Each structure stands twice: as structure tokens, then as C-alpha cells.
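The next block holds one structure in the form of C-alpha cells; read it before the comments.
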Amino acid sequence: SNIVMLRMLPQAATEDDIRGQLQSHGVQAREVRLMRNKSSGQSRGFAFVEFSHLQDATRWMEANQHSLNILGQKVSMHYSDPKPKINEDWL
């Protein structure tokens, strides 16, 4: 899988906090879904982070033993899908 659902985030965390954590492991995020949007609803105490490479999700997962820590909150990580297999990317 290349998606990393980050459950148990705080309200206060940002898209940019996560950019920091990804880059500390030396992993690009392809995309980040954490607050900001309003519309789709990314502002709940989770993220839906996606990687360019299926291995890279597993990289960030296992290199943190399947738990991160952002603004002190203990965050869990879960594959919410294998990959986005929609035929559209603007729907």
C-alpha cells in the first residue's frame, strides 16, 4: 500500500509538521491531506498521507514501529487503501 492514514493526530498539527517528519526519514510525500481543506473534511484528528512509491509507505511505517509522535500526541498509522485506483484525480 502507498497510503498512510495517521489516526489519533491532535487538532493543532499542520500539513507542514508532517512534511518535516517525512523529510526526516528522507521520504517525499507525494500528497498530504491534513486539515486546511475544510471541504473534503481533513480536519478531524487524522491524516491521509500518500507516497509516490508503495515501499515508501512501509518505509515510514516500520521506521517508526507503526506509531508517530506529533505535538506530543501518540499517532497510529494504517494503510487506508492499496492505492488510489480511480480513473480521475480531479473528482
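Ordering of the C-alpha cells sets the chain letters (A, B, ...); residue numbers start at 1 within each chain; ligands are numbered from 1 in the order shown.
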Quick one: residues within 12 Å of residue 80 of chain A, only C-alpha atoms counted, chain neighbours fewer than 2 positions away excluded, as a list in words?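 So the residues in contact are residues 1, 2, 3, 4, 5, 6, 7, 46, 47, 48, 49, 50, 57, 77, 78, 82, 83 and 84 of chain A.
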When distances are computed from only C-alpha atoms, which of A:41, A:15, A:9, A:51 shows the smallest separation from residue 28 of chain A?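 The closest residue to residue 28 of chain A is A:51.
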Every residue of chain A that DSSP places in strand (DSSP E or B), as a PyMOL selection string: chain A and resi 3-7+31+46-50+67-70+73-78
Measure the distance from atom CA of residue 63 of chain A to atom CA of residue 36 of chain A in Å and round it to one decimal.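 Those two atoms sit 27.0 Å apart.
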So, counting only C-alpha atoms, which residue among A:61, A:86, A:34, A:29 is closest to residue 12 of chain A? A:34
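On the backbone of this structure, DSSP gives helix (DSSP H, G or I) within chain A to residues 15, 16, 17, 18, 19, 20, 21, 22, 23, 24, 25, 54, 55, 56, 57, 58, 59, 60, 61 and 62 of chain A.
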What is the distance, in Å and to one decimal place, between atom CA of residue 13 of chain A and atom CA of residue 71 of chain A?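 A separation of 6.7 Å between them.
Our summary of the geometry notes that atom CA of residue 44 of chain A is positioned 20.0 Å from atom CA of residue 66 of chain A.
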Measuring between only C-alpha atoms, which one of A:87, A:33, A:14, A:79 shows the shortest distance to residue 60 of chain A?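 Under the stated criterion, the closest residue is A:79.
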